[PDB]
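The data below hold one chain only, encoded as structure tokens and taken in the form deposited in one PDB entry.
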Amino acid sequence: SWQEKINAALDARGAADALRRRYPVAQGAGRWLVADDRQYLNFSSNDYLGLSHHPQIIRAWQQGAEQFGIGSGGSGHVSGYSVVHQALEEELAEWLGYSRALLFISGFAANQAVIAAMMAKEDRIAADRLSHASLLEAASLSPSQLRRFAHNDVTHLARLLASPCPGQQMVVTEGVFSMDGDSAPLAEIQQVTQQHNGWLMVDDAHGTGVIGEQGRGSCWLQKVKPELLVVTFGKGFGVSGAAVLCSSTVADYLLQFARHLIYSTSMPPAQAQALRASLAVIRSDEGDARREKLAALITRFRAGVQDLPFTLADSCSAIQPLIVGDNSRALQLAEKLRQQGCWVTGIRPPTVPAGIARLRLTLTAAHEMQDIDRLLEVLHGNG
């Protein structure tokens, strides 16, 4: 029956331990986290540049409501395509060096929309084994064939691409990977993709706004232009939403065949104004100051772990894995940190293999050096 199907599934998830439970917060973005009315240093949010609380972005969101009301009133294909949406798209395309940008209500929707629209049963997706679930889920449901290459292994990628394919091939990777914060070798990946006549799709959720000139992200920094670039605004941008960057004809195509685009309500124009505001901060001298402050905090953090009984990742970004090893020690550590006013998130098997449990820390430009020093002190020992 249905209920038994439900029940058994929750039971298998329990047995694998794997149970998830949301905790409500009064504040969850930026330097602080407030839970159960207690203040904590927040090392668990994706607000990498501290923009969620930025007064210019807050005011754009507020004035945009005065000017446009709240809901757009419809899809972008009927009465919901605002002059603010259009301006935001044009400013994103110009920023990142593409012909067109298309807005989406979430990065998860944009990824899923692109793949559903572009990939046919004859085609192949070659995706990094560690790609975001939205990408892999979508690639899996797709009628097209899905092959994974070992993480960042371009030799393995070239072999996948070289295998006979009845249709077209799309390579997919991240500019900065979600789990370990490492970067993909985009220039070599792009070379072998072109060698096999494929196209490249890069998801730069963790790179966008945070690295490269004017924060343009991983592709710009590495002087690669993939055919498809997906940027999401729920992280560094400090808001929510996403864009697909692409050529004129691919944009026209998505406008015809991406159903998330055709049959979904567009975002509130006041959300779009906050995103334009966010983009303007990111591109500005203050954007540069925030990125350099983030880099300074990361340096301070990685230096201080050198004396600690833990290990770091190959990450130069806001994502800073602290590898602990054992799942009980990792859980203990995070619980001790919490008692001591530092809110962290532990990642343990099975999400990661056997003996690699960890805290996945995230730093932000809203933090201060004394916050890193407090984290380091508690990691050391004191309470």
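Whichever C-alpha set is largest while still superposing within 1.5 Å between the two forms counts as the rigid core. For every residue, the number given is its place in the sequence shown, counted from 1.
There is also a form deposited in another entry; it is not shown, and the following applies to it.
Looking at CA displacements between this form and the one not shown with the core superposed, a shift of 2 Å or more is confined, among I57, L337, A29, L322, to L322. Taking the rigid core as fixed, one finds a CA shift for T351 of 2 Å or more between this form and the one not shown. In contrast to the form presented, in the other entry the C-alpha positions of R329 and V305 spread farther apart by 3 Å or more.
If you compare C-alpha positions, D307 and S328 are 3 angstroms or more farther apart in the other entry than in the form on display.
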